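Structure first, then comments.
Only the coordinates and a few stated rules stand behind these numbers; no lab work does. Ideal geometry is used to build each Cβ from the backbone, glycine not excepted, and the neighbour counts take in all protein chains shown.
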Amino acid sequence: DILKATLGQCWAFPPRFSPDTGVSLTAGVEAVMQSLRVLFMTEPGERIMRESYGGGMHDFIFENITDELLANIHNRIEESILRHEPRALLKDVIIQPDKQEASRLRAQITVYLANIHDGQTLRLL
Amino acid sequence: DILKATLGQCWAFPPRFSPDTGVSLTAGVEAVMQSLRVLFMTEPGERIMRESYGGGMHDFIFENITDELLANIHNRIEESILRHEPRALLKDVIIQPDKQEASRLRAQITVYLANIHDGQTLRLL
Amino acid sequence: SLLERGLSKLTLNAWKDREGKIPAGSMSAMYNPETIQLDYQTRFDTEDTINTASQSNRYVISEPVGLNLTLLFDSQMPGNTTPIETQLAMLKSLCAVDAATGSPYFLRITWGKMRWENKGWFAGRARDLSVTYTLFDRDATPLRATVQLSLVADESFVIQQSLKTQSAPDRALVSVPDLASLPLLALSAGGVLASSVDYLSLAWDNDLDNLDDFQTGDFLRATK
Amino acid sequence: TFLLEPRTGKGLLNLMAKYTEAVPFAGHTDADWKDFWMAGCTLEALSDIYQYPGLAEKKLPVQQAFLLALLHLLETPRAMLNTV
């Protein structure tokens, strides 16, 4: 209930309208995840008078997974969460090519709400 | 008699009450030793509005006597006598594991009230 | 020694305030420094007095104790699997200005049995830091670091006040020896307090009768 | 004016002197705990020290100093409550 208070309330990203309930509203922790789908599905220039706002992932669509690409995707995600969504940190973003039916890059972006492992010596030479 | 005057008088640490004698009171040099048992039996957070006050020896209870531990115990004792009991210096604190029925650390803390040994050359090679 | 033979690394703890109330992050660094160095320095200025009776020099300020220390990180040997950027994302963070308050982080360096200047820890803030990566990979994950830390003394105010009351806490409680006298008992009380305790005030504060009243084993209380 | 709570530390001390007689000085027997708080003085002499602290000459049994400090602390919420 307090997460709905501290994190703001706003509309759902696919605008669903009904005569019974006026506007469907996403609130709280679901509102932060709703804004992160907005950011990476937008593209800079597509919002009038807001040209800074966008994820920019269309830069990487014919770019050969060669691991110069996967560092560029990591930095574009990390920067755009800084500029346009400081309500949610970043934990890690893991990018893998799809093993079945390749040429799909799958990125799992893990956020926050906002020791050297000594045991491995007993399993090495 | 003057040690009872210079070192203050206060209550005993187990509060003993009688109808004949009102409160049992520890005074003088016994009052400094009574306060040192209070410090290392207290734990930080257990006194309300005094959260700095405590020995903190519950940090070391499953920690493997490996001699990284015995240096941490030496520094926690030396620091907490500085912060919370400057009426008594520190001479040395000697920590040994118990030889019969091990996994007991025994610390002797020696306080105060507040030369290179040349003879060994005649017994070496 | 005396129990076992495992190493004790150094640990760099960080706070935000001067005291230990608000903890920031805290890392332990592998590959011990091989050599520490702590430099003391005290500044004196010479008295250019016109009277020319004496040559002397005043005490102005004591510079803070600075610690120099050099580290090394490496992740390609097959025991080393954590990438060194996760280990350098803490040194670069803790030895810089914090985003919360706009200040350094009040570091505290510690080693298992090493006793720093007179305490078991070395407080202070980071004057200097320089990372120089020397090896890389094809995509250039770095995996060789060579860090060059440098700190200052800056202890907390509760620890510095506690060390002051342990030396001359404004009472002396001087024992008297056999064959004693109050000019000697004032020199032995003026060394506990370092304040020149002027023997007529000793016989007034302790209710002496005739300036030779103490009897070889009784105590005399000297305040200031 | 009208007060909404009478009975100051005199009245509290009277209630407390009635009250602590019901408790045995446990571990010992045939001994009221009212002996413990009222050793040294009567009720009225202790209330006189409560109004004027100098009637104790920097000494009295420390449970009585504890209790008078308690009552002087308890005067404050009574003072807030009389403003109701």
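Key figures
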{"quantity": "Among residues of the range A:29-51, those that are surrounded by 10 or more Cβ atoms within 10 Å (Cβ to Cβ) and part of a loop (DSSP other than H, G, I, E, B), counted", "calculated": "6"}
{"quantity": "Selection within the range C:1-55 - of a type in the set (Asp, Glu), away from chain B (no Cβ under 14 Å) and either more than 24 Å from the chain's Cα centre (by Cα) or not in a strand (DSSP E or B) (or both)", "calculated": "C:34, C:45, C:47, C:48"}
{"quantity": "Residues located in the range C:140-165, provided they are within 33 Å of the chain's Cα centre (by Cα) and over 22 Å from residue C:38 (Cβ atoms)", "calculated": "C:144, C:145, C:158, C:161, C:165"}
{"quantity": "Set A:6, A:26: member being more than 25 Å from residue A:104 (Cα to Cα), surrounded by 12 or more Cβ atoms within 10 Å (Cβ to Cβ) and among the polar types (S, T, N, Q)", "calculated": "A:26"}
{"quantity": "Unique residue being β-branched (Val, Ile, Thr) and within 23 Å of residue C:144 (Cβ to Cβ) when the list is C:11, C:49", "calculated": "C:11"}
{"quantity": "Residues of the range B:90-107 classified as outside any loop (DSSP other than H, G, I, E, B) and within 13 Å of the chain's Cα centre (by Cα), total", "calculated": "6"}
{"quantity": "Contacts under 8 angstrom Cβ, first residue in the range C:90-109 being within 15 Å of residue C:18 (Cβ to Cβ), partner in a helix (DSSP H, G or I), 6 or more apart", "calculated": "C:105/C:94; C:107/C:94"}
{"quantity": "Number of the exception - residue D:58 against (1) part of a loop (DSSP other than H, G, I, E, B); (2) more than 14 Å from every other protein chain (Cβ to nearest Cβ)", "calculated": "(2)"}
{"quantity": "Selected residue (only one of C:211, C:179, C:129 is surrounded by fewer than 12 Cβ atoms within 10 Å (Cβ to Cβ) and away from chain B (no Cβ under 14 Å))", "calculated": "C:179"}
{"quantity": "The range B:1-17, subset of a type in the set (A, V, I, L, M, F, W, C) and assigned to a strand (DSSP E or B), residue farthest from the other protein chains (Cβ to nearest Cβ)", "calculated": "B:10"}
{"quantity": "Residue within the range C:163-172 that is assigned to a loop (DSSP other than H, G, I, E, B) and away from every other protein chain (no Cβ under 14 Å) present", "calculated": "no"}
{"quantity": "Any chance residue D:65 is assigned to a helix (DSSP H, G or I), away from chain B (no Cβ under 11 Å), aliphatic (A, V, I, L, M) and out of contact with any strand residue (DSSP E or B) (no Cβ under 7 Å at 6 or more places or on another chain)", "calculated": "no"}
{"quantity": "Number of the condition not met by residue B:63 [criteria: (1) within 12 Å of the chain's Cα centre (by Cα); (2) surrounded by fewer than 16 Cβ atoms within 10 Å (Cβ to Cβ)]", "calculated": "(1)"}
{"quantity": "Pair list, Cβ < 7 Å and 6+ apart or interchain, from the range B:40-52 residues that are more than 16 Å from residue C:19 (Cβ to Cβ) to residues that are among the hydroxyl-bearing types (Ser, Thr, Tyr) and surrounded by 12 or more Cβ atoms within 10 Å (Cβ to Cβ)", "calculated": "B:42/B:53; B:47/B:53"}
{"quantity": "Residue in the range C:94-104 that is surrounded by 18 or more Cβ atoms within 10 Å (Cβ to Cβ), assigned to a loop (DSSP other than H, G, I, E, B) and of a type in the set (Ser, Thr, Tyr) present", "calculated": "no"}
{"quantity": "Cβ-Cβ under 7 Å pairs, at least 6 apart or on other chains, the range B:59-76 side more than 12 Å from chain C (Cβ to nearest Cβ), far side of a type in the set (S, T, N, Q) and crowded, with 16+ Cβ neighbours inside 10 Å", "calculated": "B:60/B:72"}
{"quantity": "Members of the range C:63-83 found to be among the polar types (S, T, N, Q) and over 17 Å from residue C:114 (Cα atoms), listed by number", "calculated": "C:75, C:76, C:80, C:81, C:82"}
{"quantity": "Residue count, the range B:44-90 (criterion: under 21 Å from residue C:11 (Cβ atoms) and among the hydrophobic types (A, V, I, L, M, F, W, C))", "calculated": "11"}
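Residues checked against (1) among the small types (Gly, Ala, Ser); (2) within 14 Å of chain B (Cβ to nearest Cβ):
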residue: C:123; (1), (2): yes, yes
residue: C:139; (1), (2): no, no
residue: C:150; (1), (2): yes, no
residue: C:160; (1), (2): no, yes
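One line per residue, one yes/no per condition, for (1) in contact with a helix residue (DSSP H, G or I) (Cβ under 9 Å, 6 or more places away or on another chain); (2) away from chain C (no Cβ under 14 Å); (3) within 30 Å of residue C:88 (Cα to Cα); (4) not in a helix (DSSP H, G or I):
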residue	(1), (2), (3), (4)
A:19	no, yes, no, yes
A:53	yes, yes, no, yes
A:83	no, yes, yes, no
A:109	yes, yes, yes, yes
A:119	no, no, yes, no
